[PDB]
Amino acid sequence: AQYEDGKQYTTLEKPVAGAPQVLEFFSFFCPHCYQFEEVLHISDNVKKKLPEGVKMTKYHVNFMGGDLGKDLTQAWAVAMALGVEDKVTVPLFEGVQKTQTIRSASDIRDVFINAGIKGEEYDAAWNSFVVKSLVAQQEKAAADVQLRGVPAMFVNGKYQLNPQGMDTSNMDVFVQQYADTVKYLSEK
């Protein structure tokens, strides 16, 4: 076939019921994740090819960067609750991996402040039980699917993208193959 299990994607032995349609996992500590966001724009190019009726979800993971890794997961909960993912994603990545100016929770906070979220609003979000449950959601989804590696995308809780089995000579071709694969899986 042109799409085969074990080539552009793998199937879960243990399919996850109720799962989000398109589910993405990342860490701000994850270097391929950086590429995925700033060079490849994977999430975006996937979106542009997904059907209609298809919501995209993206969650942060704990297993990279120890204490800071967890702070980042809580911070991304704050980002999701306030709907400011698109304003903090890049400064968080560059603060962690490029400039190395993110070393603590206060430093993560500064990124939000500089992107224009109010001090009070952030701290109140940070400490809210709505954010607690959003953190629980992130962990539960990663737990539901054996997650020991990022970046990772799952379609309908059954198919996991396998970018290792795609061409990387050309970045644009890699991205279209990836998005087309997601689309294929989504129609399956």
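Hydrogens, waters and symmetry mates play no part in the numbers below; they use all other heavy atoms, side chains included. The first residue of the sequence shown is numbered 1, and numbering continues consecutively from there.
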Fill in: Distance (rounded to the nearest 0.5 Å) between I117 CD1 and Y122 OH
9.5 Å
Discussion item. Between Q176 and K49, does the side chain to side chain donor-acceptor pair (under 3.5 Å) criterion hold? Intermediate values first, please.
Written reply: CA-CA 9 Å; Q176 286 334 308; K49 282 203 169 160; 3.0 Å; yes
Worksheet item: Should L92 and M64 be counted in the same cluster of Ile, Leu, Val, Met, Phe, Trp and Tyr side chains packed under 4.5 Å apart?
Response: yes
Discussion item. If you define the side chain from C-beta out and look only at heavy atoms, does anything of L23 sit under 4.5 Å from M153?
Written reply: no
Worksheet item: Are the charged groups of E121 and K118 less than 4.0 angstrom apart, N to O?
Response: no
Worksheet item: Where do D167 and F174 land on the side chain to side chain contact (heavy atoms under 4.5 Å, CB included) test, with the steps shown first?
Response: CA-CA 6 Å; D167 201 6; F174 169 78; over 6 Å; no
Discussion item. Is there a continuous path of hydrophobic side-chain contacts, each under 4.5 Å between heavy atoms, that joins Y184 to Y159?
Written reply: yes
Worksheet item: Does some side-chain heavy atom of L68 sit less than 4.5 Å from a side-chain heavy atom of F29?
Response: yes
Fill in: Gap between atom OH of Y34 and atom CZ of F93 - 0.5 Å precision
8.5 Å
Discussion item. If the test is side chain to side chain contact (heavy atoms under 4.5 Å, CB included), which one of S43, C33, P31, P163 qualifies with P151?
Written reply: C33
Discussion item. Are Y9 and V46 connected into the same hydrophobic cluster when the rule is that any two of I, L, V, M, F, W, Y join if their side-chain heavy atoms are below 4.5 Å apart?
Written reply: yes
Practice prompt. Inspect the contact between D144 and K14 and indicate whether a charged nitrogen and a carboxylate oxygen are less than 4.0 angstrom apart.
Written response: no
Fill in: Validation row: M56, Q21 side chains within 4.5 angstrom (heavy atoms)
no
Worksheet item: Hey, are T99 and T101 close enough side-chain-wise for a donor-acceptor pair under 3.5 Å?
Response: yes
Worksheet entry | Expected output: side-chain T181 to main-chain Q177 donor-acceptor under 3.5 Å | yes
Worksheet item: Where the side chain of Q137 meets the backbone of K132, is there a donor-acceptor pair that is under 3.5 Å apart?
Response: no
Item to complete: Determine, stepwise, if the pair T11 / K158 fulfils side chain to side chain donor-acceptor pair (under 3.5 Å).
Response: CA-CA 6 Å; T11 312; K158 246 199 164 287; over 6 Å; no
Worksheet item: Which atom names give the shortest non-hydrogen contact between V84 and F112, and what distance separates them?
Response: CG2-CE2, 4.0 Å
Worksheet item: Nearest heavy-atom pair of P91 and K87: which atoms, and what distance?
Response: CG-O, 3.3 Å
Worksheet item: Do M171 and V39 come within less than 4.5 Å of each other through their side chains, counting heavy atoms only?
Response: yes
Item to complete: For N170, look at atom CG and say whether over 12 heavy atoms of other residues, nucleotides or ligands are found less than 6.0 Å away.
Response: yes
Worksheet item: If every non-hydrogen atom of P20 is compared with every non-hydrogen atom of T57, which pair is closest and at what distance?
Response: CB-OG1, 3.7 Å
Worksheet item: When clusters are formed by joining ILVMFWY residues with side-chain heavy atoms under 4.5 Å apart, either directly or through shared neighbours, do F36 and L50 land in the same one?
Response: yes
Fill in: Side-chain donor/acceptor of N127 to backbone N/O of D123, under 3.5 Å
yes
Worksheet item: Would you call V61 and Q138 a side-chain contact if the rule is heavy atoms closer than 4.5 Å?
Response: no
Discussion item. Nearest 0.5 angstrom please: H41 NE2 to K47 NZ, how far?
Written reply: 15.5 Å
Discussion item. I need the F63 CZ to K70 NZ distance, nearest 0.5 Å.
Written reply: 14.0 Å
Worksheet entry | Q160 versus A152, closest heavy-atom pair with distance | NE2-CB, 4.3 Å
Worksheet item: For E4, does the CD atom have more than 12 heavy-atom neighbours from other residues, nucleotides or ligands under 6.0 Å away?
Response: yes
Worksheet item: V96 versus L72: any side-chain heavy-atom pair under 4.5 Å?
Response: yes
Discussion item. Using the rule given for side chain to side chain contact (heavy atoms under 4.5 Å, CB included), can you reason through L134 versus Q74, listing the C-alpha separation, both sets of side-chain angles and the distance that settles it, and then say yes or no?
Written reply: CA-CA 8 Å; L134 224 36; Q74 193 166 345; over 6 Å; no
Worksheet item: Going by distance alone, is a donor N or O of one side chain under 3.5 Å from an acceptor N or O of the other, for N62 and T73?
Response: yes
Fill in: Stepwise side chain to side chain contact (heavy atoms under 4.5 Å, CB included) check, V54 with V22
CA-CA 8 Å; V54 209; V22 180; 4.1 Å; yes
Practice prompt. Give a yes or no on whether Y59 and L12 share a hydrophobic cluster (residues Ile, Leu, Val, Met, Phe, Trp, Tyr; joining criterion: side-chain heavy atoms under 4.5 Å apart).
Written response: yes
Worksheet item: Which residues satisfy the side chain to side chain contact (heavy atoms under 4.5 Å, CB included) test with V175, sequence neighbours excluded?
Response: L40, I42, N45
Discussion item. Is there a side-chain contact between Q97 and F28 in this structure, where contact means two heavy atoms from C-beta onward sitting under 4.5 Å apart?
Written reply: no
Discussion item. What verdict does the side chain to side chain contact (heavy atoms under 4.5 Å, CB included) test give for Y3 and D180, after you've listed the backbone C-alpha separation in whole Å, the side-chain angles of each residue and the deciding distance to 0.1 Å?
Written reply: CA-CA 10 Å; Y3 297 95; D180 287 344; 3.7 Å; yes
Discussion item. For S186 and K188: C-alpha separation, side-chain torsions, deciding distance, then whether side chain to side chain donor-acceptor pair (under 3.5 Å) applies.
Written reply: CA-CA 6 Å; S186 173; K188 220 174 176 66; over 6 Å; no
Practice prompt. Using ring-ring contact (aromatic ring centres under 6.0 Å, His included) as the criterion, point out the one residue from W76, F26, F25 that pairs with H60.
Written response: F26
Worksheet entry | Separation of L161 CG from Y178 OH (nearest 0.5 Å) | 4.0 Å
Worksheet item: So do the side chains of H32 and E37 get within less than 4.5 Å of each other, counting heavy atoms only?
Response: no
Worksheet item: How many angstroms lie between OG1 in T89 and CD in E38, if you round to the nearest 0.5 Å?
Response: 10.0 Å
Practice prompt. Kindly give the heavy-atom pair with the smallest separation between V78 and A125, and that separation in Å.
Written response: CG1-CB, 3.9 Å
Worksheet entry | salt bridge (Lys or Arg N to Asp or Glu O under 4.0 Å) against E187, all qualifying residues, sequence neighbours excluded | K183
